[PDB]
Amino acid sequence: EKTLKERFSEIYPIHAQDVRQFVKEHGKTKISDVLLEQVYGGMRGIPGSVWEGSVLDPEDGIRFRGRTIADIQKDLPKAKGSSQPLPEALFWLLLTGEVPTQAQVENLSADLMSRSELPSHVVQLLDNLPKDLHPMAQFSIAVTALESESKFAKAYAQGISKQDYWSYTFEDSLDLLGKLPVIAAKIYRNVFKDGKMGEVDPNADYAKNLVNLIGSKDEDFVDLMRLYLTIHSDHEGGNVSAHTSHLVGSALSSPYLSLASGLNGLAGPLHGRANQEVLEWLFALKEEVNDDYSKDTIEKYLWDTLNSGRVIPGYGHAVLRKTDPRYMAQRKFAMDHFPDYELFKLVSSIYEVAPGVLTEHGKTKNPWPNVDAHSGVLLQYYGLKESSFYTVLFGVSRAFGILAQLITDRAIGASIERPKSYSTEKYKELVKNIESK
C-alpha cells in the first residue's frame, strides 16, 4: 500500500495545476470589497486565505475535507478496540483529501514514533528552563531549537529548486510531529511533576504516546486524547495561529519556525485559552451554587450574568447556527465514561437551560455552545488539572492542520504574503481623494 508521502506525491500535481488554471482563467474576477472599516477592523470578512483542510459549514459545523464530525467519527480508522478517531488518520485526510486504510494509519503512526527521539540539546534546554516560564513559551522554544535538524533549510541553502520544496517540508513536518508529544510531555513532567518521562512505545499511536509520557496507561484517558487531538486539529486559515504559521512559512522559513510562530499566536489570550476561560467560570459558578444544578438556580445565575453585561463563556456563535458537533462529541464521551462527575453534571445542567435563557435575553442570535465549553472538564477528570498547560495540548493538535497546509503551500509554490500598509494620515488622504471623484 502507498505511504502518505507517496500518495501525496500523486495528488499534489493535480491540485497545483488546477489552482494555476483556476487563477489563469478567473484571476481578474472580483471576489470582495475592501472597506475602510475592515482594514481598521482586523480585515474581518475579507477573503485573505486559501486553506484546503477545513471549512466552517454554518449549518453542519466545521468540515474536514467535506466531512463533518459525524463523518470522520464514522469513516476514519480507529485503534483496536476503540471508538475514537485517530488524529493521524485525520492528518492523512487533511493532506490528501482521502481516507486512509487501517494499515496506512498504523504505518504512519509507526513512522511518527520512529522520528520522536528528542536531540540532546533540546532535552538539556527543557530541563534547565525555570518552572515559572509559561509552558507555551517553553513549547515554542523547544520547537525552534529543532531548527538545526531542518532538512528544508539545508535543501534551500544547497540550491534545491522550488518544485522540490514540498519533499523536505514534508520530512520536516513529520519529524516535527513525531517529537511534539515528547516535547509537550517533557514540559508537563518538568513544570508540574517530578521531571520523569517514560519511553516511546513504537507501536503506540500519536495520542497514546502523549498520554503514556504524561504518566498514564488508562485506556480511557488515551481515548479522550484521541478525540481531543482530532477535533482541535484544524479550523480554517483565518485564525491567528494558522494565519501566522502561513505568513512566516510564506517567506520560506522552515516548519519549525512556522509552527513556533503559530504557537506564539495560539498563546495569545484572545485566541487559545477559551478552554481555560470556561473552566474558571465553571469553578466560580460552582463555589456559589454548591452542588445545586437545578433549573431555577442555574437560570438565575445565567440571568444575573447576562444582565450584568458579561457573557456565558463558550456560548454564542457568530456564524454557526447550531451546537458545535465537537461539543456534542465531548458530551457523548462524558455520558459514556463518567455521567455522574460533578463538574460534568454542572456543564450538562448549563447546556439544558442556557440556550433558552440566551434566546429569551434576545442579544444572541445562535445561543449554542462550542468545543471550548466542554473540553476542560474532561481534562480535569483525568488529572490534567493545570489549565496553564491546556494551550500546549491545543498546539499538539492544531499543528496537524497547520503543517498539512504548509506542505500544500510549498507543493503549489504559494507566494509570500505581503499586503500594503498605510499610516492613518495616508488613509485619510486616500479616502478624501476617493470621495471627491
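Numbering starts at 1 and runs along the sequence shown.
Checked against the record, the higher mean CA B factor of 317-325 and 166-174 lies with 317-325. As recorded in the PDB entry, 350-358 is the stretch of 350-358 and 68-76 with the greater mean C-alpha temperature factor. Taking the PDB entry at face value, the top CA B factor among 203, 264, 253, 233 belongs to 203. Between the residues 238, 87, 249, 367, it is 367 that shows the highest Cα B-factor in the PDB record. Ranked against the other modelled residues of its chain, the C-alpha B-factor of residue 309 as given in the entry falls in the highest third. In the PDB entry, residue 421 places in the middle third of its chain by CA B-factor. In the deposited entry, the Cα temperature factor of residue 106 places it in the middle third of its chain's modelled residues.
When the CA B factors of the chain's modelled residues are split into thirds, the value for residue 407 lands in the lowest one. Residue 5: CA B factor in the lowest third of modelled residues in this chain (values from the PDB entry).
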